[PDB]
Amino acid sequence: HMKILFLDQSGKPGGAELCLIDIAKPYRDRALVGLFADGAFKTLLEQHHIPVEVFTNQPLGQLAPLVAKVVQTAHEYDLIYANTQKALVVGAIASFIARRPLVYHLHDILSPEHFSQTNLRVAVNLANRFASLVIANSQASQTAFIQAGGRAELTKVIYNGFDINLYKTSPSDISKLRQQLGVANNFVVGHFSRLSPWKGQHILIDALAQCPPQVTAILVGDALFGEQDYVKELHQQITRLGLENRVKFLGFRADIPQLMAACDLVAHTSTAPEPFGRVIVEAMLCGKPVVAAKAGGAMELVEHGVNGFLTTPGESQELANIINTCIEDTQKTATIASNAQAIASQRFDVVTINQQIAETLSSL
């Protein structure tokens, strides 16, 4: 059992951070998770009994106090596990100076479409020189790393894991929740991505206007990084279409399995390739049908017409056609959903994922 210093730049619970909860939990007796900012993610790590600490930039390491503090701390640990891009910069420096092995867990697709050239060069060059191992969350992320110049031999793909038991909800609780939302007689499409242009909420909204009138959508998530312009653009879009009473924003929520159960279809509409797609697996584990954008790691998670649907990124009419399909062919749709549950339960079970992480770390 090695002492591990996990690093993550964000104090907010984005996908990489929620993923980090499961990655770190088995190591929590001897681990520390270091954050470069405070927020609800700190709270979450406490609730799960994972030791955590916020490093700050308050005061040769006079240029970057945070980096110095992390370097100091890293001396007390056997391994540095960088979970985000800024965390890789800091972890790489600490890996050199404290002479500690570095793992980089890659949750992004390092492509020009997602990031500036400088960010790509930095991540790729730091990973190549300092990382003993690059764990990619999907073959698509592995691929994009390599196309950006990253070293193939450093890469292993390990999917996000999920605690299977969290994804059941009673018929009775479903009914109540649908009641409380005021959607009991709607066909409900749930979108569970943080609000940001590339997560494509506006595509779902465009599709709604081509759907039957009983279809409403719940947008779950907040603008995690100050994309408040986008949120305003959504509200205006909703208004310009006839959609004011057909779209509810619920903000960031914690009861995701329950809200997914309350939906009739879960939709993922990213307009740029999704590296993995947690909401996709989560939908499947809740036994709900899911439609996703046909790119990135979604293609690995979904076989169209078998365990979900895939539509061309950016194309709202296709999304509408799939919604209509789910309304009309309910028995097909229920079998698809049910197949999804069975498959995803095997593939993405946190127990198997944890075993893979353990084996990979032991094999260094």
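Don't overthink the numbering: it's just position in the shown sequence, from 1.
According to the PDB entry, the deposited sequence runs on from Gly305 to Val306 with no residue lacking coordinates between them. According to the PDB record, 171 to 179 carries the higher mean C-alpha B-factor of the two stretches 184 to 192 and 171 to 179.
As listed in the deposited structure, the average C-alpha B-factor of 259 to 267 and of 67 to 75 is greater for 67 to 75. The residue among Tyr159, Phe145, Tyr230, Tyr104 whose C-alpha atom has the highest B-factor in the PDB entry is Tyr230. Based on the entry's C-alpha B-factors, the most elevated value among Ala123, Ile164, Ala87, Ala152 belongs to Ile164.
Among the modelled residues of its chain, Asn57 has a C-alpha B-factor that falls in the highest third according to the deposited record. Annotation for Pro212: C-alpha temperature factor in the middle third relative to the rest of the modelled chain, per the entry.
The entry lists a Cα temperature factor for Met284 that places it in the lowest third of the chain's modelled residues. Split the chain's modelled residues into thirds by C-alpha temperature factor. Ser10 is in the middle one. Among all modelled residues in its chain, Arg253 ranks in the middle third by Cα B-factor.
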